Structure formats: C-alpha cells, structure tokens
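Visitor: Just passing along the structure, written as structure tokens.
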Amino acid sequence: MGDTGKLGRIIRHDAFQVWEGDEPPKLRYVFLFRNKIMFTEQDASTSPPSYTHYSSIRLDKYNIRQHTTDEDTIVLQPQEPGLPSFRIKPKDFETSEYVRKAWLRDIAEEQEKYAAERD
C-alpha cells in the first residue's frame with residue numbers, strides 16, 4: 001500500500017478487543033475515517049502474522065446490527081462474499097460503556113462533521 005496515509009481523526013479511533021471471523025481474539029484499533037471503518041488488527045499471533053491495517057470495512061456494502069440494554073455490541077453481517085461476521089465488545093479498559101455508547105451512535109450516523117463538528 002505504501003506510506004501515503006493521513007491521521008484522519010475526523011470521526012473516532014478506539015481499540016476494541018474482539019474476535020473476527022470466529023478466529024481467536026484480536027486487538028484491533030478501530031479507526032473510522034470519512035465513511036469507512038479501518039481497524040488495525042494487532043493480532044499477537046506469535047510474531048510473523050498480525051494485520052498491518054489490512055482488515056477494513058466500508059459503510060457502503062456491509063450489513064450491520066447492534067445489541068444494547070447494558071450489552072452494547074456492534075455486529076456487522078457480511079452481505080458480500082468473503083467478509084466474515086465479526087463483533088466488537090466493550091473491552092475498552094477499566095470503566096467505560098459511555099465511550100462505546102457513542103460508537104454505536106457514530107455508526108448510525110457516520111462523520112461528526114456531517115451533523116456538527118466539535119473540538
């Protein structure tokens with residue numbers, strides 16, 4: 001790909017420790033930029049593997065669902081041949097939720113600038 005990438009920071013960027021395609025846990029830094037969700041799956045699979053920003057999702061041709069009622073979880077479903085069903089859990093750190101709660105709302109209406117930009 002190269003090194004022609006910007007910082008973005010236009011939407012949201014947090015690390016969600018979850019399990020993609022039924023495969024063992026990952027530590028992906030989910031970065032939402034413009035209209036796509038690119039998460040760097042920092043997979044501590046020994047040493048050689050891991051995912052150098054290889055995994056990515058686009059809010060165009062993907063199906064998505066969301067769990068709530070204390071258990072907030074964004075679950076995307078593959079409406080494209082290949083993509084697996086991978087969730088995201090509130091594996092933030094100590095106390096949170098309210099952080100990931102905003103993440104849902106973000107998905108429901110990507111780009112803060114579209115509505116009202118802050119900071």
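Going through the structure tokens in order, the chains are called A, B, and so on, while each chain numbers its residues from 1 and the ligands are numbered from 1 in the order shown.
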Would you pick out the contacts of region 22-25 of chain A at 9 Å or less, using only C-alpha atoms, so that residues sharing its chain but fewer than 3 positions from it are not included, and give the list as number ranges by chain?
Guide: A: 17-19, 43-44, 84-86
Visitor: How about saving the chosen residues, N, CA and C atoms kept, as a PDB file, in the first residue's frame?
Guide:
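Output contents, as saved in out_11.pdb:
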```
ATOM      1  N   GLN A  17     -11.077  -5.000  21.673  1.00  0.00           N
ATOM      2  CA  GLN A  17     -10.558  -6.349  21.727  1.00  0.00           C
ATOM      3  C   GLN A  17     -11.694  -7.326  21.509  1.00  0.00           C
ATOM      4  N   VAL A  18     -11.739  -7.891  20.316  1.00  0.00           N
ATOM      5  CA  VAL A  18     -12.793  -8.817  19.960  1.00  0.00           C
ATOM      6  C   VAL A  18     -12.277  -9.950  19.102  1.00  0.00           C
ATOM      7  N   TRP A  19     -13.211 -10.733  18.596  1.00  0.00           N
ATOM      8  CA  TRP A  19     -12.910 -11.905  17.803  1.00  0.00           C
ATOM      9  C   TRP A  19     -13.509 -11.814  16.403  1.00  0.00           C
ATOM     10  N   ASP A  43      -2.902  -8.444  15.987  1.00  0.00           N
ATOM     11  CA  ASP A  43      -3.038  -9.805  16.468  1.00  0.00           C
ATOM     12  C   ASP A  43      -1.689 -10.335  16.904  1.00  0.00           C
ATOM     13  N   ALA A  44      -1.596 -10.656  18.185  1.00  0.00           N
ATOM     14  CA  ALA A  44      -0.366 -11.159  18.776  1.00  0.00           C
ATOM     15  C   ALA A  44      -0.149 -12.638  18.469  1.00  0.00           C
ATOM     16  N   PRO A  84     -16.439 -12.027   6.913  1.00  0.00           N
ATOM     17  CA  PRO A  84     -16.991 -12.865   7.963  1.00  0.00           C
ATOM     18  C   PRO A  84     -17.853 -12.044   8.923  1.00  0.00           C
ATOM     19  N   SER A  85     -18.442 -12.688   9.918  1.00  0.00           N
ATOM     20  CA  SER A  85     -19.243 -11.979  10.900  1.00  0.00           C
ATOM     21  C   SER A  85     -18.388 -11.774  12.138  1.00  0.00           C
ATOM     22  N   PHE A  86     -17.967 -10.544  12.360  1.00  0.00           N
ATOM     23  CA  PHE A  86     -17.099 -10.239  13.484  1.00  0.00           C
ATOM     24  C   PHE A  86     -17.696  -9.147  14.350  1.00  0.00           C
TER      25      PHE A  86
END
```
Visitor: Residues within 9 Å of residue 58 (chain A), please, as a list in words. Count only C-alpha atoms; anything in the same chain fewer than 4 positions from it doesn't count.
Guide: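 The contact residues come out as residues 35, 36, 37, 38 and 62 of chain A.
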Visitor: Can those selected residues be exported to a file as an mmCIF file, in the first residue's frame so that it contains C-alpha atoms?
Guide:
```cif
data_model
loop_
_atom_site.group_PDB
_atom_site.id
_atom_site.type_symbol
_atom_site.label_atom_id
_atom_site.label_comp_id
_atom_site.auth_asym_id
_atom_site.auth_seq_id
_atom_site.Cartn_x
_atom_site.Cartn_y
_atom_site.Cartn_z
ATOM 1 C CA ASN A 35 -17.273 6.835 5.653
ATOM 2 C CA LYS A 36 -15.227 3.704 6.283
ATOM 3 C CA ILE A 37 -14.119 1.742 9.317
ATOM 4 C CA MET A 38 -10.487 0.639 9.121
ATOM 5 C CA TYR A 62 -21.993 -4.192 4.630
#
```
Visitor: State, in Å with one decimal place, the distance from CA of residue 118 (chain A) to CA of residue 39 (chain A).
Guide: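 That distance, rounded to one decimal, is 23.0 Å.
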Visitor: With only C-alpha atoms as the atoms that count, which of A:20, A:30, A:96, A:48 lies nearest to residue 76 (chain A)?
Guide: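 Among the listed residues, A:20 lies closest to residue 76 (chain A).
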Visitor: Ranking A:117, A:14, A:60, A:109 by minimum distance to residue 88 (chain A) and counting only C-alpha atoms, which one comes first?
Guide: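 The shortest atom-to-atom distance to residue 88 (chain A) comes from A:14.
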Visitor: Nearest residue to residue 32 (chain A) out of A:77, A:55, A:47, A:111, using only C-alpha atoms?
Guide: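 Going through A:77, A:55, A:47, A:111 one by one, the smallest distance to residue 32 (chain A) is for A:111.
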Visitor: Extract, using only C-alpha atoms, all DNA, RNA and protein residues at most 9 Å from residue 15 (chain A), discarding same-chain residues fewer than 3 positions from it, and format them as a list in words.
Guide: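 Contacts, in chain order: residues 27, 28, 29, 30, 31, 39, 40, 91 and 92 of chain A.
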Visitor: Let's see if you can do this: from backbone DSSP, list all alpha helix (DSSP H) residues in chain A, as number ranges by chain.
Guide: A: 98-108, 112-115
Visitor: Could those selected residues go to a file with C-alpha atoms, as a compact mmCIF listing (two decimals), in the first residue's frame?
Guide:
```txt
# COMPACT_ATOMS: atom_id res chain seq x y z
CA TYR A 98 -20.43 5.55 27.72
CA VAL A 99 -17.42 5.66 25.36
CA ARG A 100 -18.63 2.74 23.21
CA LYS A 101 -22.21 4.02 23.52
CA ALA A 102 -21.12 6.91 21.37
CA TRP A 103 -19.54 4.40 18.97
CA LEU A 104 -22.96 2.95 18.21
CA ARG A 105 -24.46 6.37 17.56
CA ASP A 106 -21.41 7.09 15.36
CA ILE A 107 -22.19 4.04 13.21
CA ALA A 108 -25.85 5.12 12.93
CA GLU A 112 -19.38 14.18 13.17
CA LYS A 113 -18.83 16.98 10.67
CA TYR A 114 -21.95 15.91 8.80
CA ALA A 115 -24.10 16.80 11.81
```
Visitor: To one decimal place in Å, what is the distance between CA of residue 21 (chain A) and CA of residue 87 (chain A)?
Guide: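 Here the two named atoms are 8.7 Å from each other.
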Visitor: Of the residues A:82, A:90, A:5, A:49, which is the one nearest to residue 33 (chain A), using only C-alpha atoms?
Guide: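 Among the listed residues, A:5 lies closest to residue 33 (chain A).
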Visitor: In Å to one decimal, how far is CA of residue 51 (chain A) from CA of residue 95 (chain A)?
Guide: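 We find that CA of residue 95 (chain A) and CA of residue 51 (chain A) lie 27.5 Å from each other.
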Visitor: Taking the backbone alone, and naming residues the way the document does, which bits of region 17-94 of chain A are strand (DSSP E or B) by DSSP, as a VMD selection string?
Guide: chain A and resid 17 to 18 26 to 33 36 to 42 56 to 58 63 to 67 73 to 77 81 83 86
Visitor: Take the residues from that selection and put them in a file with C-alpha atoms, as a compact mmCIF listing (two decimals), in the first residue's frame.
Guide:
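Printed below is part-v3.txt as written:
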```txt
# COMPACT_ATOMS: atom_id res chain seq x y z
CA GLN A 17 -10.56 -6.35 21.73
CA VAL A 18 -12.79 -8.82 19.96
CA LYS A 26 -7.58 -9.65 18.30
CA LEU A 27 -6.55 -6.21 19.47
CA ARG A 28 -7.72 -4.08 16.58
CA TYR A 29 -7.51 -0.32 16.74
CA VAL A 30 -10.76 0.61 15.04
CA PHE A 31 -10.30 3.85 13.12
CA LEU A 32 -13.32 5.45 11.47
CA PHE A 33 -12.43 7.87 8.70
CA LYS A 36 -15.23 3.70 6.28
CA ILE A 37 -14.12 1.74 9.32
CA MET A 38 -10.49 0.64 9.12
CA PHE A 39 -9.27 -1.35 12.09
CA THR A 40 -5.68 -2.36 12.59
CA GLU A 41 -5.99 -5.93 13.85
CA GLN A 42 -2.96 -6.05 16.10
CA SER A 56 -11.04 -2.82 6.82
CA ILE A 57 -14.79 -2.28 6.47
CA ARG A 58 -16.72 0.24 4.37
CA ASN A 63 -24.92 -5.21 6.82
CA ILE A 64 -24.85 -4.19 10.45
CA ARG A 65 -26.76 -4.77 13.66
CA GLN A 66 -26.38 -3.54 17.24
CA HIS A 67 -27.03 -5.04 20.65
CA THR A 73 -22.11 -4.59 20.72
CA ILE A 74 -21.93 -3.65 17.05
CA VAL A 75 -22.33 -6.74 14.95
CA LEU A 76 -21.75 -6.47 11.23
CA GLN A 77 -23.07 -9.12 8.89
CA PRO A 81 -18.92 -12.99 -0.43
CA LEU A 83 -16.31 -11.00 4.69
CA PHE A 86 -17.10 -10.24 13.48
```
Visitor: In terms of the shortest atom-to-atom distance over only C-alpha atoms, which of A:119, A:80, A:97, A:72 is closest to residue 9 (chain A)?
Guide: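 For residue 9 (chain A), the nearest of the given residues is A:119.
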Visitor: Could you check which of A:110, A:93, A:59, A:52 is closest to residue 12 (chain A), using only C-alpha atoms?
Guide: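 When distances to residue 12 (chain A) are compared using only C-alpha atoms, the smallest one comes from A:110.
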